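Take a look at the letters that make up each chain.
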There are 4 protein chains.
Amino acid sequence: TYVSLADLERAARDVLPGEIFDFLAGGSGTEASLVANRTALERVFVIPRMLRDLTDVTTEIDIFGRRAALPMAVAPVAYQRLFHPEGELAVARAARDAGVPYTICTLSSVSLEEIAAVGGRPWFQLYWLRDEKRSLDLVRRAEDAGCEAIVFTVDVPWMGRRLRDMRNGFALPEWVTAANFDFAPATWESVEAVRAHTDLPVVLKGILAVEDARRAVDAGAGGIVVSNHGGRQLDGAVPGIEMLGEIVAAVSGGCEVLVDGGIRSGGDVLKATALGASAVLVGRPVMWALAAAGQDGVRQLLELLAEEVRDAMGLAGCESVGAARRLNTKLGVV
Amino acid sequence: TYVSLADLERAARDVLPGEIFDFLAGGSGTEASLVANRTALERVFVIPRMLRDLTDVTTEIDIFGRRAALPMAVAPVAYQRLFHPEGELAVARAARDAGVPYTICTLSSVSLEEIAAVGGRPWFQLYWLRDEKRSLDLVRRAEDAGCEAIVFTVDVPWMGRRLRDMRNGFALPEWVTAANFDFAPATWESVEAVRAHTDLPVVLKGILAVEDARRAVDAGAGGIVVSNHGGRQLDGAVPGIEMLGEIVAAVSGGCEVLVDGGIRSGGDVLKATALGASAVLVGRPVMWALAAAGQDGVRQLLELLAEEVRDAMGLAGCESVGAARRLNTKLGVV
Amino acid sequence: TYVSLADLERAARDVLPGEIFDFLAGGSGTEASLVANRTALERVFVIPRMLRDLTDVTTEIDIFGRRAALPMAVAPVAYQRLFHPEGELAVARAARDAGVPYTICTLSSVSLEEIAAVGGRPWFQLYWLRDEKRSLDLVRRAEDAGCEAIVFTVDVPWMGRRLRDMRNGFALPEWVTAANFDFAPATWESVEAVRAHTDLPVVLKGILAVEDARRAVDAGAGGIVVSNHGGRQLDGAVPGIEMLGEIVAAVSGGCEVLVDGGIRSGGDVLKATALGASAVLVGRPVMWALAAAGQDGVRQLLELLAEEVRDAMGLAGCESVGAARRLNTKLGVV
Amino acid sequence: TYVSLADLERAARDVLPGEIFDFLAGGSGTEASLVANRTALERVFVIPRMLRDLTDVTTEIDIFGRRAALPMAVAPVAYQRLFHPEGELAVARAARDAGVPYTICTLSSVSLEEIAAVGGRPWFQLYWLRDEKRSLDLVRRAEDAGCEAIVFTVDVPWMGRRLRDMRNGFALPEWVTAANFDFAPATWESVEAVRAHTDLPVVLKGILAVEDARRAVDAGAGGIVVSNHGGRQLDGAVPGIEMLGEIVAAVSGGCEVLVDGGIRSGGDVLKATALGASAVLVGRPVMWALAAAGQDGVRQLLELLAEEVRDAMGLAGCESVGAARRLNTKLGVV
Ligand SMILES: CC(=O)[N@+]12O[C@]13C(=O)NC(=O)N=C3N(C[C@H](O)[C@H](O)[C@H](O)COP(=O)(O)O)c1cc(C)c(C)cc12
Ligand SMILES: CC(=O)[N@+]12O[C@]13C(=O)NC(=O)N=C3N(C[C@H](O)[C@H](O)[C@H](O)COP(=O)(O)O)c1cc(C)c(C)cc12
Ligand SMILES: CC(=O)[N@+]12O[C@]13C(=O)NC(=O)N=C3N(C[C@H](O)[C@H](O)[C@H](O)COP(=O)(O)O)c1cc(C)c(C)cc12
Ligand SMILES: CC(=O)[N@+]12O[C@]13C(=O)NC(=O)N=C3N(C[C@H](O)[C@H](O)[C@H](O)COP(=O)(O)O)c1cc(C)c(C)cc12
Ligand SMILES: [Mg+2]
Ligand SMILES: [Mg+2]
Ligand SMILES: [Mg+2]
Ligand SMILES: [Mg+2]
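Residues numbered from 1 in each chain as written, not as in the entry; some residues may be left out. Chains lettered and ligands numbered in written order. Heavy atoms only, no water. Residues with missing side-chain atoms left out of burial classes, pairs and counts.

- Per the deposited record, the coordinates in this entry were obtained by X-ray crystallography to a resolution of 1.7000 Å.

Following this line, the structure appears as structure tokens:
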């Protein structure tokens, strides 16, 4: 009977082994980027509009050819059986039932075909493999299984240095595997190789520089995710939310611009929208819900977010997510 | 024998049931807007003027056709019998005796006619009802009872999500009722309907966007209250005090511009004035005083505020509230 | 054997009755201006210059016709017998011996003539009295006793609201009196009355507005003290150090521009100088030293400040206080 | 088996006598500049670039005619036998083996000739002596011993006031001596005297003012170190990292521009690079490593830094330190 996302963090902390909670919670380095994701959202204040017609508030959007129930998708988080035995299938089922896109990870602990069979028109997150042809096989598999977008993670030439995991000597338990298997630095040529191999929208995840956003458009990306990988890659990378406004201006409608990092309420969703985001991704909260109560947990989380998004939108005078994008903001202190 | 408003918060905390103190104290969401109301005032510093004639310092203003003793009114706070058995009549009597306008709430726990009978030329706060005609009946009742302004709350299409009240499972005790009765989203058309129905000044409460202030003037409002509803509506809404200067400039004397949220001293009143406010509203402190010592409590609070306003004005070289509006300010840190 | 001013605060706290320590330490209201005096100095960073000739570093200045050993004077602090039985004579003797001007208070607990007899060419702080003629008698007395400047306090139409003193019910012990006696709001006309009555330099203390600084020059002031009275007058008044740069620019050498509030080291002196101050006043630290060890205490404090000023100047590449005024600064965080 | 530099601080704290740990850790005054070195780096966020070719990431630079393995040198820290019995020889050996320049101090506790014999093409830090000829003898000795640059410390006309060392009554133990011996304020003429006496690059250490950087170039310096001496000289001096961008712009490639103060990770190195630094110096961390585990300790520290630099560079899309200099940054909060 949770009333905010923080309820679920506590519940997940109680049930998960410490080293697993740390694998989930932690960031790279001193966790400066992890913390900055939160600080950056806290400093954003919305300027609500009043006395608008709210006789049909809708939180729906159209993205990558599909209607979604909220301007939100479940972020790609690897190895979800770490958190609950049903892992990715529990999350995907809840996401489907909520009308929220679910991003299947290259490092999923259940095969992408089994996750896609859940239904819910899922997305597929790609990590570039040591060989172009194995990469492109994942893409084709995803597409053949009915995934509707390829989320190419471009901020992971290699994994960041996570000191929690080093101090814990954390390693996958033997009962969790990379189920899509029986990694190399991506480049712009890799992007092109993917774009040529699929007619699905290619979404580049982990863009923070304005000219990288621009180049993503030029490269034929259908979207980008403005993201510092939840503070888990470069420690000291700017939060996506701090780059988002500038990026949205630069691409000037040329692709969808998503953001992630630290989204913890419908109000946060509203802030991201007001800064110009098409949609957000949510990572850690979904895994807290999964750890706490499995599929039911994720369903309750998504219902809570949905209600908070609708509440925030209406209180801000927005009948639609488009209207929310036209809200103005003001930076405040603490 | 209180020397600041914080004395009365402690006294109210001691006497009220926890769930009632929480209903009063709390805001929506993570209470970001609640806290920001205070932070925003703390960051404002006044640039006082020296060596001016102070041989008749006056704190009086003329507003909505009436002289008021201070640039201050009691904010509309619902269900005041929650805090003290005499509820609204205790507050209204103290306000009358102090020469301070009292705002009667649509959700008052004593009928608007009984409160108005106290005297003191009160204001009436309107919430828009599911039917235009019931709304307009409240207006007419208020007017027939001698209310001198209609404070139309425009930031409440519905009530915000107050997690204290959810976590407490708070509900009105059966001995507190909405005494004006034996709610729909307001729009600009609702405003017009009200404006056409009364010759009293219509004051729109809960304006934060500059173009909403502008439109309020265009709409024939006699005033606005720049307000985030004490942090109880949209969590992450900008504090009114952060919008006030821009709003005052935009309306360029076309209506009175009031502010509220976090006013806790005569010095705060001075800051709001220096930013351009015609007057402030004060909410929670009046309810602390009511809970602590009933009518006497509210009288002591209003006397303390009056003395602090006069002290701050004089120390800043202002013989009048108009002069205080011409003070300059500087933003500082913490 | 103190190495910083904070050593002496602790020592004074140990020896003084609490209510007296509070009378000394406290400010008005919530102590926002008191704290801001410190915060404002902490945020100032100096840009030192290197490789300059330091073969005769001097901390001396010429001010109001006299050489002073440091760009520093002892601020006017009333009733110094509250802190030590020798009161003002202990402080004045130490100041004389250090070559630092001492400001005699209108509310001194030893008569201005006895303090002036100590020697050291002292200044006299004026509070305007209910009658022009009694005010001007104080001035003439001061002058006849060999005071070299009149420091007219202009930020005290009346005393601020000090909640420590109210909560303590603090009052002068019967053994401390206003020894110059056997108060009205000052105006610009009062200033003129003083200026016409003495050929001593008139220094207006408690100026914070730029146009008040300008007008002080126009009025024939020989100096001003940019000051919020140590946070003891208007609570929420800007710190002097935040106004100083703008004020120095505006007066454009037309009078000496002193600053006070929170000066606690030679480094602070350097910051004030770099912002354009002619000199600083130091209040509370001198009273800590007095309370801790009487005349000897004040001598040790002034020796410590002198050494810290010389050290800071040299490390910043300044052979003279003039050179220090030409240093640049940068605002930092915390 | 350390995973960050903070591991080594704890280890050094455990093993060193308190007064020695304090001599190492402390700064001048209230330690404002010491703390600001850290704060200033924490506020810098990097804008990483994605999808660049990383098939030969190199951390090497060419500086002062030599290839270095990292854009990093060991800062001049006096009396290193205070921390470990092998003192400077332990550090120099580790630095040589890591391919990192080591700066030999004028106040080294082992003679400059013995340190230089370790190999590793070392630099020599000069303090100006009371007599030009003794100064220039040190220079010539350094050069004759195969030092490759003279790091002239120009921010030490005399040593700052370190209150830890005063409160501890700290003094060199009799078993630590200034081994180069059997001090006067430097000026621009001193610089010239040095420049005329050696063909080695002269690097001026402790420049913070832009026009001092400019003048260093004009003076024929081959480099500068933008530095507040680790917060140990002027308390309230701006951090070097806050001046670096402006200084790099002003010198416009006319000399190498190094920075130091608070560098505690490869990410910090990356930030300094992105602000335009040619290289950084690292002081206290190297001494922690020395105290913790002697030569082995310093080797582990330099290996950890090397890995963190390579990791940060790659994650930011930089194949080279030059590319890292072309990264953009954004200031954030806390
Ligand atoms: C590389 C990695 O370390 N992984 O599993 C990815 C991955 O394999 N593929 C990828 O593309 N992203 C990953 N993320 C980042 C995620 O997608 C979001 O960017 C942030 O979670 C949003 O911030 P949040 O909402 O959590 O504050 C992520 C996040 C967490 C919590 C874990 C445990 C693993 C990962
Ligand atoms: C909706 C609501 O939740 N109510 O009861 C209103 C309401 O019925 N009609 C309305 O117009 N305003 C309401 N307020 C906001 C009030 O008017 C001021 O805006 C802030 O109190 C100023 O900030 P403060 O001085 O307290 O810091 C309010 C305030 C409190 C404390 C309670 C318990 C109830 C309410
Ligand atoms: C009015 C008053 O309340 N008095 O006694 C004055 C006064 O009678 N005449 C006046 O002109 N100033 C007074 N001050 C302000 C003083 O001169 C400096 O402005 C600040 O002390 C600098 O900040 P500081 O260095 O202390 O941080 C002052 C200061 C203290 C600590 C006490 C106990 C009494 C006073
Ligand atoms: C004067 C002095 O007090 N000494 O020994 C110098 C010196 O004799 N010659 C010089 O030129 N510099 C010195 N430093 C500053 C050092 O070179 C770096 O500027 C900072 O250490 C970088 O910041 P950090 O990485 O430590 O945060 C320094 C540093 C420490 C920790 C000690 C104990 C002694 C010194
Ligand atoms: Mg997120
Ligand atoms: Mg208020
Ligand atoms: Mg002072
Ligand atoms: Mg460093």
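1. Side note on the site of ligand 1
Residues and elements named next belong to chain A.
Link 1 in the chain: Neighbouring ligand 1 are 23 residues; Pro76, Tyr127, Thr153, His229 and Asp260 lie closest to it.
Link 2 in the chain: Within the side chain of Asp260, a nitrogen or oxygen atom sits 2.7 Å from an oxygen atom of ligand 1.
Link 3 in the chain: Isolated, ligand 1 exposes 650 Å² of accessible area, and the fraction of that covered by the protein chains is 99%.
Link 4 in the chain: Looking at side-chain class alone, the shell around ligand 1 contains nine nonpolar, eight polar and six charged residues. (Near = heavy atom within 4 Å. Polar contact = N/O pair within 3.5 Å; in protein donor to acceptor, adjacent residues only side chain to side chain. Areas by Shrake-Rupley, 256 points an atom, 1.4 Å probe, with all protein chains shown as cover. Nonpolar A, V, L, I, M, F, W, Y, C, P; charged D, E, K, R; others polar.)

2. A short note on the pattern of salt bridges
Link 1 in the chain: Per the counting criterion, the structure on display carries 60 salt bridges over all chains.
Link 2 in the chain: The partner of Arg43 of chain B in a salt bridge is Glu242 of chain B, and the shortest N-O contact between them spans 2.5 Å.
Link 3 in the chain: Relative accessible area serves as the criterion here: at 22%, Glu242 of chain B is assigned to the partly exposed category.
Link 4 in the chain: A salt bridge links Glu303 of chain C to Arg299 of chain C; the nearest nitrogen and oxygen atoms lie 2.5 Å apart. (Salt bridge = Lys/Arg side-chain N within 4 Å of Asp/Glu carboxyl O. Buried < 20%, exposed > 50% of the residue type's maximum accessible area, 1.4 Å probe, protein only.)

3. Some words on the sheet that holds strand β11 (residues 279-282) of chain C
Link 1 in the chain: If you walk across this open sheet you meet the eight strands as β4-β11-β10-β9-β8-β7-β6-β5 (chain C), and the pairing is parallel. A strand with exactly one partner marks an edge of an open sheet, and here the two such strands are β4 (72-74) and β5 (103-104) of chain C. (Pairing = 2+ DSSP bridges. Helix = DSSP H or I, 4+ residues; strand = E, 2+ residues; numbered from the N terminus.)

4. Some details on the site of ligand 4
Residue and element names in this part refer to chain D.
Link 1 in the chain: Residues in contact with ligand 4 amount to 23 residues; listed here are only the nearest, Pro76, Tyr127, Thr153, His229 and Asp260.
Link 2 in the chain: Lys205 is positioned with one of its side-chain polar atoms (N or O) 2.9 Å from an oxygen atom of ligand 4.
Link 3 in the chain: Computed on the free molecule, ligand 4 has an accessible area of 650 Å², of which 99% lies beneath the protein chains in the complex.

5. Topic: the interface of chain B and chain A
Link 1 in the chain: Of the residues lining the interface, 32 residues belong to chain B; the matching set on chain A comes to 28 residues.
Link 2 in the chain: Each partner contributes to the roughly 2500 Å² buried at the junction of chain B and chain A, and carbon and sulfur atoms together form 69% of this total.
Link 3 in the chain: Considering only the surface of chain B that becomes buried against chain A, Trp158, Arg161 and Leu234 of chain B emerge as the three largest contributors, covering 28% of it.
Link 4 in the chain: The tally of links between chain B and chain A comes to two salt bridges.
Link 5 in the chain: A salt bridge links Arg49 of chain A to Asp212 of chain B, with the nearest nitrogen and oxygen atoms 2.8 Å apart. (Contact = heavy atoms within 4.5 Å. Buried area = accessible area lost by both parts, 1.4 Å probe.)

6. Quick word on the relation of the copies chain B and chain A
Link 1 in the chain: The transform that puts chain B on chain A rotates by 90 degrees and translates by 0.0 Å along the axis, for an RMSD of 0.0 Å. Taken together, the rotation and translation relating the two chain copies correspond to the operation of a four-fold axis. (Least-squares fit on C-alpha atoms.)

7. Notes on the interface of chain D and chain C
Link 1 in the chain: Contact residues are listed per partner, giving 32 residues for chain D and 28 residues for chain C.
Link 2 in the chain: Summed over both sides, the interface between chain D and chain C buries roughly 2500 Å², with carbon and sulfur atoms accounting for 70% of that surface.
Link 3 in the chain: Among the residues of chain D in contact with chain C, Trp158, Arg161 and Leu234 of chain D are the three that bury the most area, contributing 28% of the side total.
Link 4 in the chain: Residue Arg167 of chain D is joined to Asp7 of chain C by a salt bridge in which the shortest nitrogen-to-oxygen separation is 2.9 Å.
Link 5 in the chain: Where chain D touches chain C, the interface holds eight residue pairs in polar contact.
Link 6 in the chain: Classifying every residue of the side of chain D that touches chain C by side-chain character gives 19 nonpolar, six polar and seven charged.

8. Here's the deal with the pairing of strand β7 (residues 150-153) of chain D
Residues and elements named next belong to chain D.
Link 1 in the chain: Residues of β7 alternate between two faces, with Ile150 and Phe152 on one and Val151 and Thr153 on the opposite face, all of them buried.
Link 2 in the chain: Relative to β7, strand β6 (residues 123-126) is paired through three bridges, and the arrangement is parallel. Among the inter-strand pairings, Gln125 is bridged to a residue of β7, identified as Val151.
Link 3 in the chain: Each parallel crossover has a hand, and the one from β6 via helix α6 (residues 132-144) to β7 is right-handed.
Link 4 in the chain: Across four bridges, β7 lies against strand β8 (residues 202-207) in parallel orientation. Paired with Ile150 across the strands is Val202, a residue of β8. (Right-handed = clockwise from strand over helix to strand, strands pointing away.)

9. Side note on the packing of aromatic side chains
Link 1 in the chain: Per the stated rule, a full pass over the model turns up 16 aromatic pairs over all chains.
Link 2 in the chain: Ring plane angle 70 degrees and centroid distance 5.4 Å describe the contact between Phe64 of chain B and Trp123 of chain B, whose orientation is recorded as edge-to-face. Linking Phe64 of chain B in the loop between β2 (61-63) and β3 (66-68) with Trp123 of chain B in strand β6 (residues 123-126), this pair joins segments that are 59 residues apart in sequence. Assigned by exposure class, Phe64 of chain B and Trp123 of chain B land together as buried.
Link 3 in the chain: For the pair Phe23 of chain D and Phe170 of chain D, a centre-to-centre distance of 5.0 Å together with 25 degrees between the ring planes defines the contact as stacked. Taken as a pair, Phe23 of chain D in helix α2 (residues 18-25) and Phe170 of chain D in the loop between α7 (163-168) and α8 (188-197) lie far apart in primary sequence, 147 residues in all.
Link 4 in the chain: Accessibility expressed as a relative area gives 14% for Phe23 of chain D, which makes it buried.
Link 5 in the chain: For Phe170 of chain D, a relative accessible area of 17% puts it in the buried group.
Link 6 in the chain: Residue placement shows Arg232 of chain B over the ring face of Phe23 of chain B; its charged tip is 5.2 Å from the ring centre.
Link 7 in the chain: Directly above the aromatic system of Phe45 of chain D lies the positively charged group of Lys271 of chain D, at a separation of 5.8 Å from the ring centroid. (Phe/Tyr/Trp six-rings, centres within 6.5 Å; stacked < 30°, edge-to-face > 60°. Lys NZ or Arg CZ within 6 Å of the ring centre and 35° of its normal.)

10. A closer look at the UniProt feature "active site" in chain A
All names here are of chain A.
Link 1 in the chain: In the UniProt entry, the feature "active site" is given for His229.
Link 2 in the chain: With respect to the secondary-structure elements, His229 resides in the loop between β9 (223-226) and α10 (240-251).
Link 3 in the chain: Contact partners of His229, with chain neighbours within four places excluded, come to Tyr127, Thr153, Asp155, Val156, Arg162 and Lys205. (UniProt positions renumbered as here; feature names shortened; annotations may be inferred.)

11. Some details on the packing of helix α11 (residues 266-274) of chain A against helix α12 (residues 284-315) of chain A
All names here are of chain A.
Link 1 in the chain: In contact at an axis separation of 7 Å, α11 and α12 are set at 55 degrees when each is read in the N-to-C sense. On the basis of the axis angle, α11 is oblique to α12. Pair α11 / α12 crosses with right-handed handedness. Of α12, the residues touching α11 (which contributes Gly266, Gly267, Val269 and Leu270) are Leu305, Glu308, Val309, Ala312 and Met313.
Link 2 in the chain: In terms of residue class, the contact of α11 with α12 is made up of six nonpolar, two polar and one charged. (Axes fitted to C-alpha atoms, helices over the stretch in contact; angles between N-to-C directions. Parallel < 35°, antiparallel > 145°, perpendicular 65-115°, else oblique. Left-handed = near helix turned anticlockwise from the far one by under 90°.)

12. Side note on unusual backbone geometry
Link 1 in the chain: Residue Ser252 of chain A is not a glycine yet carries a positive backbone phi of 40 degrees.
Link 2 in the chain: If you trace the backbone, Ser252 of chain A turns up in the loop between α10 and β10 (256-260).
Link 3 in the chain: One non-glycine residue, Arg121 of chain B, lies in the positive phi region at around 30 degrees.
Link 4 in the chain: The residue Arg121 of chain B is located in the loop between α5 (112-117) and β6 in this model.
Link 5 in the chain: Overall, the relative accessible area of 40% leaves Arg121 of chain B in the partly exposed class.

13. As for helix α11 (residues 266-274) of chain B
All names here are of chain B.
Link 1 in the chain: α11 sits mainly inside the fold: nine of its nine residues count as buried.
Link 2 in the chain: Listing the buried residues of α11 in full gives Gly266, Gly267, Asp268, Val269, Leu270, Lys271, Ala272, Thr273 and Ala274.
Link 3 in the chain: Regarding α11, its N-cap is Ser265, as a side-chain oxygen of that residue lies 3.2 Å from the backbone nitrogen of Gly267 further along.
Link 4 in the chain: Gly276 occupies a position one or two residues after α11 and carries a positive phi of about 115 degrees.

14. Remarks on the arrangement of the chains
Link 1 in the chain: Considering only C-alpha positions, the minimal separation of the non-contacting chain A and chain C is 13 Å.
Link 2 in the chain: Spatially, chain B and chain D are disjoint, and the shortest separation between their C-alpha atoms is 13 Å.

15. Remarks on the environment of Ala250 of chain B
Residue and element names in this part refer to chain B.
Link 1 in the chain: Along the chain, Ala250 turns up in helix α10 (residues 240-251).
Link 2 in the chain: Sequence separation of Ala250 and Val210 is 40 residues, and the distance between their C-alpha atoms is 6.8 Å.
Link 3 in the chain: Those residues in contact with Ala250 that lie beyond four places of it in its chain are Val210 and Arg214.

16. Some remarks on the UniProt feature "binding site: a 2-oxocarboxylate" in chain A
All names here are of chain A.
Link 1 in the chain: In the numbering adopted here, UniProt assigns the feature "binding site: a 2-oxocarboxylate" to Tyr127, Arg162 and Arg232.
Link 2 in the chain: Within the secondary structure, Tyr127 sits in the loop between β6 (123-126) and α6 (132-144).
Link 3 in the chain: The exposure class assigned to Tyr127 is buried, which follows from its relative accessible area of 9%.
Link 4 in the chain: Setting aside residues no more than four positions away along its own chain, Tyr127 makes contact with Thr106, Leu107, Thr153, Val156, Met159, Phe183 and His229.
Link 5 in the chain: Leave out the neighbours within four places in its chain, and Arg232 touches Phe23, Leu24, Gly26, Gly27, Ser28, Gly160, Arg162 and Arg284.
Link 6 in the chain: In this structure the side chain of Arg232 is engaged in a polar contact, spanning 2.7 Å, whose partner is the backbone oxygen of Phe23.

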